[PDB]
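Beneath this line is the structure, given in structure tokens, with notes to follow.
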DNA sequence: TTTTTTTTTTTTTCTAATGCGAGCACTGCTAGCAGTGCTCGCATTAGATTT
């Protein structure tokens, strides 16, 4: 780090990570920092021996990175390649050939250098870039006449007669291949007879290809770009050839026509324009242009059936015992539950790539976890300085003063919510829930049940999903039997508050939720808690306890629903989700109405009892 | 400094690179004595030792070499504690100097946790002695002599945490069934939540089947039979161990919702998992452990069951002896002296084996091996016992004779294969003979023995084999990993054959039914002609044949041979040199842990 | 041997991060607070100077001293704020009596508000000057504010503290300019150094290096090397020209004999200002050249469009608001005099402006309504052309209006997407030619990844079921349900996937995917399904890319690793990753105005020509020196000077977009308001390029706009109100399919001929 | 030189501009009060390009 003239940080380096993993193997992370470095708890068992091997690699990578810096004369560069190969590589039956080739090229280069008696030192960047050019200069033409059809480029002085001669890639600019002279060469200034040029070489190879053809000559080139549907041009050679053909021949029945019309007619008759796609039915019409690939025959014939509707009614019987965690995981996302639980389909996306640079700002799940830790520490009235030092040793926070400023801002923002929570916090313990609803038994555990009520807090923005989880827990608590109210204090003064309810109403709403869960297990329950939640927030009126009907409010609710579903450029909307894409690729007004109806029916009590 | 010297230890394969890197990082640029101490501590911790007494640091050959660099130290404690890398626990440091021993900060916490859990946490639960005695008499008819099963049940019912040690085939499962029956019958109205755990899925399924079949036989009402545990799980699944991260679903803050827990095969339970389990238990849960102390120790660093049962040799407490005599209605012997009353009372040892009689050669051989007396083992071999056999294996011509004997060993299985029988009988027959080798590769090892046996079955007509096919009919396989979809566990065997619909592998489920699986559907697997002594734990074979290499390796030890001997049901054969067997039995495996000192102080 | 790189984003971001690490880290916590307030990190910091980094460096007006460090500026600002706070502390008691005695209206200045403001300012002054933040009440206590509100002919309270506060609040205090200049220098330096180290090169780097070489001592020789090689050079589209390009062309071909130079360009078409081009350098060139030549006649479009454009640009004087750019009427040619466009038997006017209804219209409402109207009108045109009614006629000759000849010109990408969605709602085929999106960002990439990942390890049921449930397979929910129960079907699927894995190992990538598509009949079902054609094209393109990437990568798992990596970070700039054309049939071509330069389109649509933007940033050109000047300060003079050039650029863009059509061009007009309040008042149409030419640069209401549109209307220009289009899908008559049969091979080709050695025979 | 396990989800911008609501000082009309002019503060909503 200091070699690149950058300020020494001491974190986010291979040494830092290695020391961290070793400390985590030695000391559990629960203990704390030892040398301002948080031990990495993951590597704790015998598997941590891998670390010992990895730390053996980097050390080597260190040593050599110091040895190769200084310039050396040629004779000193001789044992470098062999030493590096035997140190870094363990040969095998297949790789031995490549290692021998590398050694041979390196030794040949250094042998030429020593035969030239170059005394001065040579930097590694020269030999590396020379070996890179020398290694790929090789070509393999040992299968030119093996027996199968020959595929090869146009090479000068290779003229062999063949019955069928095909030519590809004749687009203007690709062929002939142009290699201009260095510019200070004296030969190109005053040329004489016998001077060779790549242009004339290709121009003569095109004639050799024509003369060598005994039976059939095939020429092809790209006319239109597949990407942009633009127009390309063929080589000047093909152009002169087709011009000569059209000027030297005439089709039967065109005797009356003049020279130009007959020439154009011949040129259009010989030039064949193939389709853009293989499944084009024109390829399969009877004729000389008829294809031989039957795989694209049913597609060209348009005989396939379209994909039927993914939604299908499936039989389901509700068991006698349903854990509360099942209902919670269902109501978190009803469609994702039907996909993951009912038919066991999981769409696991690939994990994110390692970030290129050390964290400068904190956003997303990282800052969310940091805020969660900070909040859970502040509500317990613990020292924030300990957590700050812990995160600094972990390296998650930015370097130096910026990390302190970020921590101070987050501390203020979380201290507001912590004061709000401590205002109402009381000592509470967990409890067990055994309940019966609609002939279905629910068994679960509820944590932090204080005599006052169900108190929950999360450092997130006010969202409908959290309200639904709290409402399910509240119905469970009320139906179980207790005198309390449900509260949830979310970021930016968000508040979800539910008053106590009688046992009968609690059981009724819980039975309704269980019925919805059963219907979801039968067919995918189209209930969007966020977009539909916005629709119901716009339509419903808390004062009259009745939803509006006027078409103006309907248009406003549709606009709000579309804004919630699609979303802005900065924040992705609720519609952008892997599960929703499977059900429909584009949102239709009928599906919109169905989602609105279901979401209203299911979320009406949430907005009703929210105060 | 000492870094250049430590670079040489890697070349001689004496010090692992992990240890070298750990020493270089933690010890830093302090005195070379600190670096050497750290390297030796890391090495001993990797090899399975928990602690490192400073007496051990007194003159490993590397230490003798580095004597010149470190010089002479009047007190190792002073030099070590002076550095920042070592402390007494006041401030978090990687290494901890506890008394006369050295610990890794991770190991020390788990050691202290296990110590305090076995010393102070456990309490004595009080119940009616007359009612308990009546229940146990209804469970155990014989009162003429001391029944160790009855004493074990009494101990487990009295104390909160109790461990029952005994050899294979000593009636452990039956004793646990009687224990759980008496426990359910004792508490009528109170909810009794029973949980069953095992460190391996195979042992978990075996525990499910055995406990079920045992509890169904004992007379119980529909109320009691409704509290029977549904299934037994793995320790990890019980604790909700996530695959990638080390976070536990049930941490210290979130206790397990259990009343009684039974962990089978505690011999494989290591120290870290033991501590993490202890951290998740509540204050009202009673825990019972099962395992054999002489059985091979756990893989990772640590040895809990052994270090615990080491104190069981002293015997019961004086007052506890009279208490159990009043309970069991017999005379219970009393251990002389008082060293640790709680631990000694929480331990019971089953000394009776119903499976094999004392007159059997297997039992006498196992006893002689456990006692470590080579002359006793040789005398047992010399005696006229029809169920023990020994063959000298020095030259390859004796290896060929061993293969010839393995031929007759697999004879019935091979005949049933060549006769086109049903897979059920073939699977039931395949478990009659098994080879057990210590090493994995080389001349004596699974990878080598499988190839040699296949070449020998190709030489003499037993089973046809295709080179390109790789799936010739008749080859047995075993699974490397657990699979919940197919319902097959790691360490379970299967037989690949062609019934006529196609080449499929048949497995025997714990319900007795046979399940056919496609070769493509199978996960990672390996040919199981010969098994390692480690993976052979829990299984039982009618005729077992152990193979010990000629070389001297730290793998071949006393506990390995003990497990290999106890592995067979009726017939056991050995292939090893006369001197190598004696040298292996003479050496006992030790894993240094402060438990011996902790429980005494 | 030089290498070429098209995208320099990574190197630029790395240089910015290096600058941030070098400078921001050592800073003390108190200056770090002020730095953090302005920018959160190097990511946002690069966003401000991204434009300035590209191209030639811009001259910064009033640059900070070279030796002034950040700490010096911090100390200066802290000292100023400390002086202000001390002057407030000393005058904390006299101000009350001063305000009370002097005569100022207390309705505007309430006593309670005055006391609150005094309290807040006192609390701020007593506070330590940790940050540059200043309270709002200081604006109330400024001398100018007090002078503004006072009794007519009465005593005005004046105190030196008020004058000091007025002098302070006159200019904002910030470290922005110094850090911005330091970064603009150091990041550019680092990028150039790293590119020299790697031996790479880029377009801007090519131009700058050629310019530097020519300016160098040896460049003279190099000049001859360029001069002798090309005696005569003709530059086309010269209106978009960079100062570097013109300096090069002048250095090479200014005064040397036997070397001509022909510059051809139209200043009315200078629209690439954002790309670094400048009209001021073009005018400098125009001044530096003595000879001028002009073309009189327009050969592109019908005579109706010519007269329409001439009448619309003859409304005002100096329409392009630049004295050096005079507009003159043009005359159509004799060949085009017969051009006409007939719709349902009635000849349509060459130009038709669609005026929206209402008084105040928002940006989003305008976009949605105009998109819908344009979609409806294009659907009607297609319906009338499918029956042969609507014809583009050159005299007696005619031809129907195909979906290809109709183009919709858009300014931005989001605009194009808004057009395309509405156009696809009516089941009308269309394509956006300026789309730079990557194939990997679509869902087909993820589906192909899931398929490959399942095929690689068919043993795992989870990944297999995941790949089966993809839309590409087309299975239902009952299908998956039944398949998760029956073991035989699952076994058959596992077997077919295992065979696919064998094919993948042996014959490569493309054969496995081809066999899979053949057996599962994916292509047939996709072509059958509505819209699945684009899906199949994307799948084929992904297959070709996977084959190209697996050719180089020898390991089978390495291809999956590469595909996952590319899905994680799709590269839009990559030409290979650009999405191919959906179909070869007639498609409505949505194209940006910049990409339509120099092209030709029979029928043209401008749904959102009226929409404009007000430039907040201050970057302009000096009217005297004609040099690019960036003002890091928010001085309103620079802002107005930049807004004038923005309006000129918008007028030129309007000209370019209008001159594209041949027969008919339609365009939207609506009373677009950019200010939330005073919607009933004057609209902001006059700020728009089109509005300024319709309203003669005079603000008017919706009624005034309508009256001006009616006044402008004539035989060529007709206006019609815009209403919500009817939601009816365009009906296309299906065509019967003839019998199709592929050929068979009677003679099998023989591989008997071969060349082998003893090793081959033995094997 | 030997080896056991386990499956799940978590987040989303910020600045700016205005409309209205509550409070208040002034002042003109018939000393108080209603209107008026004004102002600050809280909630709500809109918008962020082009090779």
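These residue numbers are counts, starting from 1, taken along the chain as shown.
Heads up, header says this was done by electron microscopy, 3.8 Å.
Each Cβ is built from the backbone N, Cα and C atoms, and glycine gets one as well.
As recorded in Swiss-Prot, the features of this protein are as follows:
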type	residues	note
BINDING	B:166, B:167, B:168, B:169, B:170, B:171, B:172, B:173	ATP binding site
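Sequence features, as recorded in Swiss-Prot, placed on the structure.
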residue : record           : contacts (Cβ under 8 Å, 6+ apart)
B:166   : ATP binding site : B:172, B:292, B:349, B:350, B:351, B:353
B:167   : ATP binding site : B:292, B:294, B:350, B:353, B:366, B:566
B:168   : ATP binding site : B:292, B:355, B:540, B:566, B:567
B:169   : ATP binding site : B:353, B:354, B:355, B:356, B:540, B:566
B:170   : ATP binding site : B:350, B:352, B:353, B:354, B:355
B:171   : ATP binding site : B:149, B:350, B:352, B:353, B:354
B:173   : ATP binding site : B:207, B:210, B:211, B:214
Check: same-chain CB within 8 A of ATP site center, minus B:166, B:167, B:168, B:169, B:170, B:171, B:172, B:173: B:292, B:350, B:353, B:354, B:355
Residue B:169 (ATP binding site) - helix vs strand vs coil (DSSP): coil
Neighbour count (Cβ, 10 Å) for residue B:172 (ATP binding site): 22
